[PDB]
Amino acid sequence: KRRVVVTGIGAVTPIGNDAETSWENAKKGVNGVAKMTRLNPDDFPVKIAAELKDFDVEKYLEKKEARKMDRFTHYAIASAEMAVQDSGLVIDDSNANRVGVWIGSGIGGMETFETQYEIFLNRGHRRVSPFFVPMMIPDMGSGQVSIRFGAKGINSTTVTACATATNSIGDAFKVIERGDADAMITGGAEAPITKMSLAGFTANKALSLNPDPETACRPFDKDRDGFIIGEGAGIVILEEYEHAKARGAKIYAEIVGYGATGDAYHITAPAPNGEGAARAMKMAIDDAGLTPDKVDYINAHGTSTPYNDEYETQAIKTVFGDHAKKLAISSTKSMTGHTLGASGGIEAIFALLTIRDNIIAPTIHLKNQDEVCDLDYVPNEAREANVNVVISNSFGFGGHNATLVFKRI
């Protein structure tokens, strides 16, 4: 088995149009949730969202090229560009076959589907764009990123709802571990702030109806009542360790563990007691050859729903036992909102920079202690702490549980 390290990061999030700005704002407790502007809030029961602020696709694509891509692909391209540049990796004819792409999206180009189907209904089938299919399908992130950078290794896309980016990064990790690539551009992207997405998640009763952006998203708080929808992308460059050292790559950390399990319980509700989530975390630390006491920080899934935050706490107690009270946990979704398929990529990056800076970003808005959620969620204020081993959890709708482990190197 090959060792695998992270040599580049890139992200666009509701708290920054690059990874470093996002992380600086996360450490400051900046709230990315605000009154919705992508859609008219007067026309929906949900009035708030976590949107990108002043994101300009023209910094990465010509207008003509951008028109042939959905927003979610804009975010994948921007984040991949920043990650590739950050990594200094040169992809040329000599290594292109050994550099792949594994970028997921949970729902893909929903805005494109809405726009093109309206054209179909109002103007006829002949007026549908020749690029409708490629623009809508969730693998267009990987497809476009592969073309942009000349990456000729495996070109794939995992789609597992909120776990999309975490599974994708884990799957890319396994590609390198087994020797089938020397580098991977990997993560997730999501642009789910659309009228049908809002209508569907509202019909499913998944979204908080609290219109106050200062209290709506409050993971692990007694008064939480649903998730807040966000958007963006998070991409990392994974690289085989000897390859990285040979070129002198800057290394953020080593990726050492991947756990993935299924609840086999219900299509949208997570399983009682965090049964499957616990097995995913344990599988991930077992994959890393580490005992539970070695984990210093958990970047939680922590979506601010009644079930998730309860079940995730219970799963953490199951896996970590007496150590559950000793480690630190935080949900950065308290600041970014729930970016769905992108969340694991953004949060993997935050977990990596927690190692770098030895600072844990807080769970903001945590004001009312819950009797069940009684662990240490780093409420409200960032905390300095020696962090050497981190895990990032995504326990997504559909029973898709995924955990990644990163370790200082």
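In this text, residue numbers run from 1 along the sequence as written.
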*asked:* Comparing average C-alpha B factors as deposited, tell me which of 258-266 and 107-115 sits higher.
replied: 107-115
*asked:* Regarding 160-168 and 279-287, which shows the higher C-alpha temperature factor on average in the entry?
replied: 279-287
*Highest Cα B-factor in the deposition, which of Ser79, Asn299, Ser94, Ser87?*
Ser94
_Selection by C-alpha B-factor (highest) of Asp322, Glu231, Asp180, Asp139_ = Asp322
_Chain third (lowest, middle, highest) by recorded CA B-factor, residue given as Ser394_ = lowest
*asked:* Lowest, middle or highest third: which one holds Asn386 when the chain's residues are ordered by CA B-factor from the entry?
replied: highest
*Third of chain Cα B-factors occupied by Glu347*: lowest
*Report the third (lowest, middle or highest) to which the CA temperature factor of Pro272 belongs, ranking only the modelled residues of the same chain.*
middle
*Comparing against every modelled residue in the chain, figure out the third that the C-alpha B-factor of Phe149 lands in (lowest, middle or highest).*
lowest
